[PDB]
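Now for the letters of each chain:
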Amino acid sequence: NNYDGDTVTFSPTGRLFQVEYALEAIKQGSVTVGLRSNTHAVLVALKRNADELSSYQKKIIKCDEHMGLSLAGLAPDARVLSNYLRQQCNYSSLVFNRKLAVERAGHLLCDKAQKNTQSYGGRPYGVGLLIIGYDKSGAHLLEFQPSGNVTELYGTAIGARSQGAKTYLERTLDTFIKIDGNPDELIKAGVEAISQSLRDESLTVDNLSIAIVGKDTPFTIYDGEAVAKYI
Amino acid sequence: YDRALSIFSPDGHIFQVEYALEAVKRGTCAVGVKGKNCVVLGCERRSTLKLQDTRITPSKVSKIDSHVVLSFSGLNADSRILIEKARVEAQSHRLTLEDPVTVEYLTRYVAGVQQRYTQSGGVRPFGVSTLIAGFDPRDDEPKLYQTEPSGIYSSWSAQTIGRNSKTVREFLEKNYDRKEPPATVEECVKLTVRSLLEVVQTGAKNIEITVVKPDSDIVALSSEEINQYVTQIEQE
Amino acid sequence: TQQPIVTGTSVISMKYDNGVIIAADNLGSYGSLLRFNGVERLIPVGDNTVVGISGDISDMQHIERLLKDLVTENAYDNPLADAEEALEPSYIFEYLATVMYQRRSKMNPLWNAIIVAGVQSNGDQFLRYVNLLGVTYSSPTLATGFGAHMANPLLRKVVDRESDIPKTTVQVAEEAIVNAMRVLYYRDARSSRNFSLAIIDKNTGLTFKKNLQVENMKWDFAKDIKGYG
Amino acid sequence: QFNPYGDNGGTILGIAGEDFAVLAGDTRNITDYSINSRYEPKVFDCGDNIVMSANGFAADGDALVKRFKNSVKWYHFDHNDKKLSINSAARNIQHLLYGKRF
Amino acid sequence: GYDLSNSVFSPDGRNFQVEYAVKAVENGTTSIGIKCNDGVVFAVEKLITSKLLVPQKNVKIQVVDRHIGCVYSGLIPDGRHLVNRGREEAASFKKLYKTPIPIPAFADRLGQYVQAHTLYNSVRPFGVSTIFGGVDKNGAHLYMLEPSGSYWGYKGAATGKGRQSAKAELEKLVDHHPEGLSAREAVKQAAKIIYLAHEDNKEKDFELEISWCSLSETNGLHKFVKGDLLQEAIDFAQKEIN
Amino acid sequence: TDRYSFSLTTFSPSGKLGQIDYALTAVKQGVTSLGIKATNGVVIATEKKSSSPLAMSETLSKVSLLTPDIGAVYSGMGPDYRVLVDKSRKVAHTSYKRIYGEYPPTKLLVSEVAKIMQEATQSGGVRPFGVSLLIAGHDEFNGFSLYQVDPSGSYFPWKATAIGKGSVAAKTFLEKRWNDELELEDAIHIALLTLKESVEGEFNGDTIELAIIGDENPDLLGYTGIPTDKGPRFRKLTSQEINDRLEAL
Amino acid sequence: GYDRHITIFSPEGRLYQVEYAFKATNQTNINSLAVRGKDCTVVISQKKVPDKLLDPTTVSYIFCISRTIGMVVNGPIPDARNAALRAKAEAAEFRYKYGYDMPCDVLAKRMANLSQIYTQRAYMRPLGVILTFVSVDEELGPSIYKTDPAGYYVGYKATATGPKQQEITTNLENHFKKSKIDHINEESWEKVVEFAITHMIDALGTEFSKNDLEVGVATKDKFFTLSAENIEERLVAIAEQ
Amino acid sequence: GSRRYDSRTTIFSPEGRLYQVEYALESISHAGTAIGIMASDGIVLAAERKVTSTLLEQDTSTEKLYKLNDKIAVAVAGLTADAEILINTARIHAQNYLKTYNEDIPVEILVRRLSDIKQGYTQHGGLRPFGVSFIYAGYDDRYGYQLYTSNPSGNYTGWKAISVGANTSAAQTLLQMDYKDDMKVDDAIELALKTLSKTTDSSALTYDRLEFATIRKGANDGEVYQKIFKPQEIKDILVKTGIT
Amino acid sequence: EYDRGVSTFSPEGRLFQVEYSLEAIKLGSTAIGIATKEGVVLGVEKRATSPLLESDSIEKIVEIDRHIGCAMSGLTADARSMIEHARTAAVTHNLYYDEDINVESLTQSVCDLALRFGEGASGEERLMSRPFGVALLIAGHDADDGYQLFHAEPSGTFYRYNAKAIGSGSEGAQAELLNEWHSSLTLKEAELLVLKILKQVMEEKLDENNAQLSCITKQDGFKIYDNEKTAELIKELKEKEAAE
């Protein structure tokens, strides 16, 4: 109760322990996997209902027609970040008549979480985001940790059993980057990636939720009997 | 300051709520019975020690309106704050909206004071339970509510809160009907008296009776008026 | 509040088919008295925008801060955040506009009129006008100040519509800009003889031609009349 | 002294049809007897088949359109890709106007 | 006892929360800084934890001003926030005095800031050491900033797991040039000793990044190293360690 | 954040506010200082202690001025008194030089300073100061007064009193020497004689600080030529003069 | 207990938390010595440069608060720069509102109050540095004031600081007992620098270099620092005496 | 931390009772006695100091008795120091009533206000309550003379005669047995002195250890004149009642 | 420990106070909700804990607005604050757009309030140090998605349900919900289904003095049924138990 009851106290291991606990929310939580080529980015999320008389819960939030985020951890923590990113993206359109860039929105988010973990009585947010978007620089796919740190990849995963999904993406790594101009292929490969993350959680046509963004494609969420084109 | 005094207990409870309800047990005892034409709020007055003036000992029943009263069980210090705050809300309704207050309005208002200090940190809620009674204007139906320092309210048609509420409740089970209140004011007054003589005790010294009848009729009856009823009760 | 205190003159500008041209004289006058000459008003941002600022010189400084500030903020966070997150004249435009608007609301505005002249990454022409009010518009031929109706008409004499931009070349424009600056100097008291000239090209970058003088003036008919009439 | 209004003129015309609407306007922009520019339309599409023109003074006129488009976005974000009524649009714009009436 | 806040103090004269924060950077990346005559050359080891990453996209080198390089090691989100504050400081100075902030001035201000969060139990300290420097009219400067709020003049500095490996070579480099040395040549050096400090990181693999601020080449602005110059440095360091 | 707004003064389970009792202990760890009230003046005296033999006791102030006619002297902690004398001066100025204009009555000012002590035993992030003050003064209304301010935030008038580590012995000393009528000179002798027994170092006049709120002195005001207005009734005695006094005990 | 962890009294009336602040200035192994000359005040202090890789020109324990008042600090360097900053702001403050440069005496008093305020809170850590302010004032003459973490201050004829400062103190006390005045007589400030070095060498038992010393001199209306070269000049003059 | 150095002092106990209030009553029993009696011609306030020293001046000590306004005074039993703050709050509340209504404040209102402050300390802020008990002598035009006692919890109770401070048990019973409702100021003056001599913390009650004060209706027209007696007049009345 | 803190993990990896909240839905009187495409029905258990309880003006059916209805179950002091905030949210939409607010978005609005734990993290004004302890069945009809039924948690997370039962008997009721829910239900078969499952967990008897029904409908609005209708449906329930 020395360093685990305070959110202001170090730690000769150079940690804050709370952040590790906030990263255990991801193990208990949902799984989502992102992968990109150089021309499209794709999120494949495993939706989960509360019981069988429940509709399955949406796990992808549209932030703009060039941007989307997806959660894998706690929903109430995700509610703060979704609002914040939309606010900054609309601010970029208003002020600079610009899309907001992918890298830059991650940076704003990182330093936001930091000063709420700094303040005593606060909490580190326990939801991990995959932030995808298409800007001038092409596609980008960021991994957002509960630390707040942002990392740039061609393919990444988080959630429960994300480790196997990175094995899968590292093997098909040179395949899906040298497919360009066809978002379809990426989606098929993404289904295979999150099948390395099952525990009898099956993938159905109402468990699978896809979201893409292209150069010529808006941010679009596919659901229904329209995800069964990639099954 | 924001270091909480409200902290979740391992039973799905809050420490300060449980303590508040303990303070209501330990404190004064109020019984409320409604007739078909009246409300009676009787509450324990504290004057047991000898040589006290009872015009300057705390009012245990305070009128907020011309026909809505507020009575209490629990601490005697925590309760005065709520009395004052209730009065303001009554006057506010009458200023900005119009229309002498309804009993229900004030019932919800008092419960809404309890909720703030529970849910907030750096503060603790009042350890006070209240009997809110009275009438709605233009209606001849009397209304008896209780609120408790949790922030819950529930309607009753007889009720007791405070010390030895179990004892008082059992007496009223045989001599009260839920579906037929008293049809006479004197019998409502005498029934509230008979309950208070169980716990409180020692004549009509520590007994109070406030009566509200419709047409905006509030009367307070001094203790000597209550003596006369008590002797009839014993004879019977 | 803010009324004119030290006030520059006018910025003139037009498109050609492969860039745009923009020029201004070096003045902050204090009424009829031309109190400060040599006061520079063309400001380059990169080799893809020159911004011509007209209006009050005091407020001009508070937008020179904001231009410096803008470049540093864009360059912050990625070293790739100014190479392919590269600034566009449209982005520079919007920034100044929106800030200025909110400052006008405080009843203490940034009293200016700006033309933002540049070329895109694709190489389309960008020429647009903003002012303290927030009144915006585009034209093939633009000016600010007294030049809005003084100098600008001569330029707009060549280009009556915008499907005529590709029919205007660098050397037809060049000549007209020199002459419109002469018109401006002729028929406005507040102005300077010193003038600076910039060319923004998308095939050479920015070429800066400093401290040109207004020459080819005509004065030989200033002595064939004796008396006021 | 500073007076922050003006008249940038222009004219717009809105006609309700049977299953259509037309909203038209000129592209002439002026600031007294001056013609600032021959070409600057003033009818912008806002998405979802509302068209908006805020005409008169250009500075206020542009401000409205920006803010309204921001609201369109937030509508799709928080009501989960909600269809934006003409009607709904009207009430929202009125709030933008009333907000600056001081 | 004395390990539950940053405003206890021990009878030993030691603050352990603060000391403990240096250990955070000790599990960070290796980063070096060579103080030159014309400027400074920073280099930072970027660990590769998989091959799904996109190299030279994950920035630890952020520029503060148009002439101060900053690169940091330790807990990454924390260091990005420290740089966040310092950009505000840069703009403020420019606004009031109309000139870019000096290198010593920036060092000063960051020291105050890191001081503040070890004086209250209501804010949490940082977990980073930052290395920054540049060129101003007082000359080239190099500074390293501890999470205690300490800095000094530095002929050469390092931090990270392989700070020992780095510093040992820097001593010999002052033997090679007791007159200091040129920025342009120090680029090749900078690579050399990250490869030497990757022998403490020899169960992992790495990506080399290099950045420079020098008055003799880049006109005294902080820029990145890339392209042909970069791959010359990479090749140099390889052959030496092989 | 700010989560320290819970008082650091509390009661003990045996009654008696524990924090101000500890603060009263620090006065018995402090230096000795005393005040003897005469019927035509007041004298206050304290001993100077330093942590160095190279320290200057010529820029060391343990007897300080609040207003010309009122002086103060402590026993207890140095640092605590150093800030507290500034707050005493500040309220006296903001509430009786900008509102009532003139230098306050002694009685008034003593009450006001006790309120600040009180407000360091109410709030969080503050525990009280651990000195006791003797505030000697004269007003033309209630005459000469000598008061003692507690670390509890109360005041008491005394006939003669001491504070410090030797306070208990000192009031026993004053019992037999004290008389309802005293001269100011005789008071000086009594005061220094009691404090010689409450110092266990050497007792000099260079290391003993003496001050009287006794006779007016006009030339210390700063001007002369209106005698209806005077200068300070406070007068600090220089060192050589105190040496003369050591012989007068 | 927990009257030793926050600044609240014990049953002795003692603040242990504050006492600990003194105990940390020995951990940097910096000594200083400051004496009042005849028309100057000289402070000489150690400069530790343990490596090459530390650049010695930068390692400074001397901060100019005023034009006329120098400050030399013994103890941890974060707290030193923090204390310097507060003091600088306050000096400027007083010049602005009172129309002359802040007195050394009043600056010492100011920092004493602020120190007390840092021990008045119960989540604020005292600034552990011991500060020496040296000046030549035009009203108080040559002056040394040393403030300390508790918020006690007193004037000084001379003073020393460091883990080994008793020895230094012994030397200085004996000198002013032979001379029988509170400031060294000479008439060239240069020779007061030389004298100060001699006493320091005796006290710590070690002869110093031009980069083991850093020297500050306040003459009338000014403070400046000697460069490392000037200091080497002094060490030749040790030979010359 | 900051929740690491707070154990929670101002919560309820498992009997519904505030830790700090319960400790306070004990600390007020350490402090000297103060008794209030109400005659049908007045109110007598009589207080014995909690300090009496070797050379303490008590001849001018006005350290228990304070006039809140020219018809309401208090006797203090508890910490003198703690009491200060509320004493001056009370002065302000009283003058405010006069300022805005052009009338003297009722006794009821003034006491109820101060009680609210006490209740407010444990209600919010983490702050402790002042360990004070007051006995109020006050005149109003609606209940005449009113007598009140208030406690550190923030509650008021009327009395005809009441005691606070040290030895409340002994004093209270003797007062009940000897007090009659037709007593005067003369009778009450003597009754208070006799009760204080059974509760004196020394072995004798002395004139300079007594503070004695009355509010009398013998002042003309039925006006109430408050008198805090001089030390020679207390000595004067103490030999009259035959203690000394 | 970690429920002694206001916002602290918890070696489990998620907050503790939140769990104890979920174990406070077991202190309420049942609330059952059945959805069809002919209306959505909420029935609630009023629960006599005393024979002298008047139960005919106690309501746990609360109107958010004409097109959105709500039932609460759990600790109902927490719900009092929530119903006020929700009411305001709905009305704010109707002010800003003069349009009907969706059911989903309303529930989201109340879920933002459930989010307030922590005391010094995000930029909003923190008005608790704890999450709630009450769950809502917000029923409603919107014009986009049609008829809708939502379950709102003290987590600040919501799920659309087609049938949900909360309260003390939540799990034993839900077991029946899994079998008996089908898409051929109509408004009235859903109504009898409430009464069917509610009777199992009714500790006394089912009658119309401890139960109230309410519907939300597109074509009649929010109507809270009178006790007559409730009683009649109860008699019609007993005829299908005699058909088995």
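Residues numbered from 1 in each chain as written, not as in the entry; some residues may be left out. Chains lettered and ligands numbered in written order. Part of a larger assembly, values for the part shown. Heavy atoms only, no water.

Listed as the method for this PDB entry is cryo-EM; the listed resolution is 6.1 Å.

### Quick look at the overall build of chain G
A tally of regular secondary structure across chain G gives 6 helices and 10 strands. Computed over its C-alpha atoms, the radius of gyration of chain G comes to 18 Å, within 12% of the 18 Å expected for a compact globule of 241 residues. For chain G, the C-alpha atoms occupy an extent of roughly 60 × 45 × 40 Å along the three principal directions. Within chain G, the proportion of its 241 residues that are buried is 59%. Within chain G, residue pairs in contact and separated by at least 24 positions form 63% of the contacts whose partners lie at least 6 positions apart. Of the roughly 10000 Å² that chain G leaves accessible, carbon and sulfur atoms contribute 48%. Across chain G, the mean location of the 29 positive side-chain charges is 5 Å away from that of the 31 negative side-chain charges. (Helix = DSSP H or I, 4+ residues; strand = E, 2+ residues; numbered from the N terminus. Rg over C-alpha atoms; globule rule 2.2 N^0.38 Å. Buried < 20%, exposed > 50% of the residue type's maximum accessible area, 1.4 Å probe, protein only. Contact = heavy atoms within 4.5 Å. Areas by Shrake-Rupley, 256 points an atom, 1.4 Å probe, with all protein chains shown as cover. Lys, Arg positive; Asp, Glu negative; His and termini not counted. Charge placed at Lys NZ, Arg CZ, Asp CG, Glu CD.)

### Considering the interface of chain B and chain I
Interface size is often expressed as the accessible area that is lost when the parts come together. Facing the 32 residues of chain B at the interface are 30 residues of chain I. For chain B, the biggest contributors to the area lost against chain I are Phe 8, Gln 119 and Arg 178 of chain B; these three give 27% of the whole. Taken together, the links from chain B to chain I amount to 1 salt bridge. Here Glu 54 of chain I ties to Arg 178 of chain B by a salt bridge, and the two come within 3.9 Å at their closest N and O atoms. Taken together, the links from chain B to chain I amount to 10 residue pairs in polar contact. (Buried area = accessible area lost by both parts, 1.4 Å probe. Salt bridge = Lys/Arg side-chain N within 4 Å of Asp/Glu carboxyl O. Polar contact = N/O pair within 3.5 Å; in protein donor to acceptor, adjacent residues only side chain to side chain.)

### Some remarks on the nonpolar core
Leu 133 and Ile 135 of chain F together with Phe 134 of chain H are the most contacted members of the largest nonpolar core, which totals 55 residues. A total of 7 residues in this core trace back to one element, the largest contributor, which is helix 2 (residues 80-101) of chain H. For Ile 135 of chain F, the contacting residues outside a window of four places in its chain are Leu 66, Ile 70, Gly 71, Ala 72, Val 110, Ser 145, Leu 146, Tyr 147 and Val 149 of chain F. Counting 45 residues, the second largest nonpolar core, distinct from the first, contains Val 59, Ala 91, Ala 112 and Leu 131 of chain G. (Core = buried A, V, L, I, M, F, W, Y, C linked by side-chain atoms within 4.5 Å.)

### Looking at the interface of chain H and chain B
With 36 residues of chain H in contact, the opposing surface of chain B contributes 38 residues. Taking both partners together, chain H and chain B bury about 3200 Å²; carbon and sulfur atoms supply 54% of that area. Between chain H and chain B we count 2 salt bridges in total. The salt bridge partner of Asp 116 of chain H is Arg 80 of chain B, with a shortest N-O separation of 2.8 Å. Run the count over chain H and chain B and you get 10 residue pairs in polar contact. For the side of chain H that touches chain B, the leading source of residues is helix 3 (residues 107-123) of chain H, giving 6 residues. Within the side of chain H that touches chain B, the residues separate by chemical class into 10 nonpolar, 18 polar and 8 charged. (Nonpolar A, V, L, I, M, F, W, Y, C, P; charged D, E, K, R; others polar.)

### Observations concerning the pairing of strand 10 (residues 222-226) of chain G
Residue and element names in this part refer to chain G. Bridging between strand 9 (residues 213-219) and strand 10 involves 5 bridges; their strand directions are antiparallel. Its bridge partner lying in strand 10, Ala 218 is registered against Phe 223. Here strand 9 hands over to strand 10 after 2 residues, with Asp 221 in that stretch at a positive phi of 75°. (Pairing = 2+ DSSP bridges.)

### Quick look at the pattern of salt bridges
Considering all chains together, one arrives at 73 salt bridges over all chains under this definition. Measuring nitrogen to oxygen at the nearest pair gives 3.6 Å for the salt bridge that ties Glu 84 of chain B to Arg 112 of chain H. Placement of the pair is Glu 84 of chain B in helix 2 (residues 78-96) and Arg 112 of chain H in helix 3, with the two residues belonging to separate chains. Linked through salt bridges whose partners overlap, the residues forming this network are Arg 79 and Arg 86 of chain A, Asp 78 of chain D together with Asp 112 of chain I.

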